[PDB]
């Protein structure tokens, strides 16, 4: 039952600041240190800093010095991190990890991790997606196999979820990872391959959910001639 529980996803504008919490459980918080590490989209890990659960003393990475502050609350077994003067490149998943019993020769490692906290930094405003059908036709049919789908376009922030026929259709489904456009809005397609003989009698509907904008869309995808 040894675990670290972090606060929920955040969306911030450039120049603003962000605060993330890390709650310890099933162990003595005061006898270990806490490290903070971030991971930018499709990139490696970057160490941000360390704080003692005992002393409250800190060691920050040179790059973030003066911009980051780490604190602790020994009464509630919680560690906190604040990042100021936010910029687009600060968009990442932020992790806290238990780091060393409170002689670096016997380094124990970062043995317990939080679930991570997504922080998006952007000048864009919240926007629900535009859902367009990707109709099955002769151009998306070869043999007894037809491809069809939905284009889930121009939304902010991540994430969206896509299901087919209320979750009754799962085989052959591919929902692509979102790409970030120059407009600052995201876009993706969700596709499925089905027998081409089923097109006249079977109904295909994509269920799109975007909680940040409170958008739900159920789009019927109908066959098209040439």
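Residue numbers count along the first chain shown, from 1.
- In this entry, residue 102 and residue 103 are separated by 4 to 9 residues of the deposited sequence that lack coordinates.
- When the mean C-alpha temperature factors of 171-179 and 54-62 are read from the deposited coordinates, 54-62 comes out higher.
- Per the PDB record, of the two stretches 18-26 and 208-216, 18-26 carries the greater mean B-factor over its C-alpha atoms.
- Comparing the C-alpha B-factors of 137, 117, 120, 142 in the entry, the top value falls on 142.
- Per the deposited coordinates, the residue with the largest Cα temperature factor out of 130, 91, 78, 125 is 78.
- Annotation for residue 186: CA B-factor lies in the lowest third of the chain's modelled residues.
- Ranked against the other modelled residues of its chain, the C-alpha B-factor of residue 37 as given in the entry falls in the middle third.
- Placement of the Cα temperature factor of residue 68 within the chain: highest third of the modelled residues, per the deposited record.
- Among all modelled residues in this chain, the alpha-carbon of residue 113 has a temperature factor (C-alpha) in the middle third.
- Ranked by Cα temperature factor within the chain, residue 166 sits in the middle third according to the deposited record.
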